[PDB]
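Structure first, then comments.
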Amino acid sequence: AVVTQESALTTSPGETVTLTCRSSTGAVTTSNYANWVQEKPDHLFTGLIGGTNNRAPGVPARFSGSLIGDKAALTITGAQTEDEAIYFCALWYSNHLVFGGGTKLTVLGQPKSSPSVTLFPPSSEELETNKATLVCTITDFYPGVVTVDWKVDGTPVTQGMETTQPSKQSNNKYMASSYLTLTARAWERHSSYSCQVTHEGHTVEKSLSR
Amino acid sequence: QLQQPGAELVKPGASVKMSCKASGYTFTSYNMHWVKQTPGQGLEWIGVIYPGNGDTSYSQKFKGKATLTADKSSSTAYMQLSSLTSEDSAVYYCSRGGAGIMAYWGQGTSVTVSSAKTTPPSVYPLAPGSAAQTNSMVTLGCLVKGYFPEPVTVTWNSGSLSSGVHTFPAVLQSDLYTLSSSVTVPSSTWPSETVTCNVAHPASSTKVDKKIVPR
Ligand SMILES: [Mg+2]
């Protein structure tokens, strides 16, 4: 059976946010001892709720588990900035356990921040290797989701591009990098190159000309 | 309670055995579950084992792929994965159960299944150059390309440049890692006063200093 959770949700400090977990075959009961675990930066997992509504030792009182409709729920009362993380639920089926896809919870703990984009052309030294890597750094954006689009001579290119998952900086904003790899010859067959970053509906792009 | 080695480099076809040391409790009085984490399959349950009685329960995609054991003596639980493939590269967690609650989790063991050999990186200065953005502050950088295994360390001007430094996570291009780092300084400081990125790749004993020069 498949277990389903919301993909992402946003809330603010002090508010109540609720997360749900389906069983695909629904009918979530206390026979699934629904479990809730929190994933924070640098793969640190913390068990929050087990046996549907049992808080794990040491866990804050603001977390609580229950059943809502045919689903399992995780409620966070008076959400704290430190609660921004990913949440996974797990449903036990007598002999085995299955994890949901997890939910990324954003808890607005500072003002929205636009990403600072910098596009770097390939180095003269790298080109000597018949390789050309354009580097697009993206820092200080918040919330932590962003979409990167590369254009060459004005048209979209999805081949030879790699963008890292957003990582959390020290000031709690987010950063990410995107790469466009080309051969030096491909590099020379075009003039204009652009890295376009979309964040919360707004688009910022940086460009250069070979 | 739960200490797991942080990483294991394993060649394709080989086998790997990782541990999960317990502390702060009676190892024999709780279950130990094992979970695999990858971006394309999220978290997947592998199986569980009750050290007190030794019985074991596995998932379907892991019964013939893993073997859970536990040392009642050294308060340590183990997982053996066999015939590793690239699809087995992931982070493996152990988690103590009890009364239906997965209360404690280890920090996970990152298993890297790869044939690549120790490779030093190539370091390229990254300057604005072409249609950049003449402003107030200037952002410089350096590309640490094609090394193996992780990690590498980057500092600027031997460390003097500490404010405004960002080192991004590595991307894998075939079976080599690539990452970049940047530093933002006063436009009046550069190209005026020299800026150099210093890269190190311990695994290969490689060290390289590269100056950021106007394109
Ligand atoms: Mg039991």
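Residue numbers (PDB author numbering), protein chains in the order written: chain L, 2 to 211; chain H, 3 to 105, 107 to 218.
Note that beta-carbon positions come from the ideal geometry of N, C-alpha and C, so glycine has one too.
Taking 9 Å as the cut-off between beta carbons, the residues of the segment 96–121 of chain L near chain H are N96, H97, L98, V99, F100, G101, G102, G103, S117, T119, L120, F121, in sequence order.
Look at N33/L here: in three-state DSSP terms it is coil, with no helix or strand label.
Nearest in C-alpha terms to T104/L, of all of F89/L, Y94/L, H97/L, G155/L, is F89/L. Within chain H, no C-beta atom comes less than 8 Å from the C-beta of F142/L; the nearest is roughly 12 Å away. When CB distances to chain L are screened at a threshold of 9 Å, the residues of the segment 23–51 of chain H falling below it are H35, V37, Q39, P41, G44, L45, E46, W47, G49, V50, in chain order. The contact set of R211/L on chain H, defined by CB atoms closer than 8 Å, consists of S133 in chain order. With its beta carbon less than 9 Å from one in chain L, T142/H belongs to the interface.
Residue environment for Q6/H: buried (at least 16 other C-beta atoms within 10 angstroms of its C-beta). Excluding sequence positions up to five before and after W37/L, its CB lies within less than 7 Å of the CB of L49, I50, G66, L75, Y88, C90, all in the same chain and listed in chain order.
In this chain, the alpha helix (DSSP H) harbouring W188/L covers 185–189.
Between the alpha carbons of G99/H and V4/L lies a distance of about 20 Å. Contact between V12/H and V168/H does not hold, since the beta-carbon distance rounds to 33 Å and is not under 8 Å. The beta-bridge partner set that DSSP reports for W159/H consists of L164/H, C200/H.
For the pair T204/L and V147/L, the Cα-to-Cα distance works out to about 10 Å.
Ligand 1 has no heavy atom closer than 8 Å to the beta-carbon of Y60/H.
Around the beta carbon of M140/H, fewer than 16 other beta carbons lie within 10 angstroms, which makes this residue exposed.
At least one heavy atom of ligand 1 is found less than 8 Å from the C-beta of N33/H.
Around the C-beta of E126/L, fewer than 16 other C-beta atoms lie within 10 Å, and the residue is accordingly described as exposed.
For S133/H, there is no enclosing alpha helix (DSSP H), as DSSP gives it neither H nor E. With respect to chain H, the C-beta atom of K41/L has no partner C-beta closer than 9 Å. Rounded to the nearest angstrom, the Cβ distance from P116/L to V198/L is 5 Å, consistent with a contact under 8 Å. Taking the Cβ of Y52/H as the reference point, at least one heavy atom of ligand 1 falls within a distance shorter than 8 Å.
Going by DSSP, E153/H is part of no alpha helix (DSSP H) at all; its letter is neither H nor E.
Annotation note: the segment 28–70 of chain H contains the following uninterrupted beta strand (DSSP E) runs of length 3 or greater, listed N- to C-terminal: 33–40, 44–51, 58–60.
Exposure of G70/L is indicated by the presence of fewer than 16 other C-beta atoms within 10 angstroms of its C-beta. For the alpha helix (DSSP H) assignment, the uninterrupted runs of no fewer than 4 residues enclosed by the segment 102–131 of chain L are, from N- to C-terminal side, 125–128. When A130/H, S165/H, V50/H are compared, the shortest CA-CA separation from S171/L is found for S165/H. The criterion of a C-beta distance shorter than 9 Å is not satisfied by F171/H and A206/H.
With contacts defined as CB atoms closer than 9 Å, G102/L and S8/L qualify as a contacting pair. A check of alpha carbon separations from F64/H across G56/H, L86/H, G149/H identifies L86/H as the nearest. Within the segment 53–66 of chain L, those residues whose Cβ lies closer than 7 Å to any Cβ of chain H are, in chain order, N55, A57, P58.
Between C22/H and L4/H, the C-beta spacing is below 9 Å.
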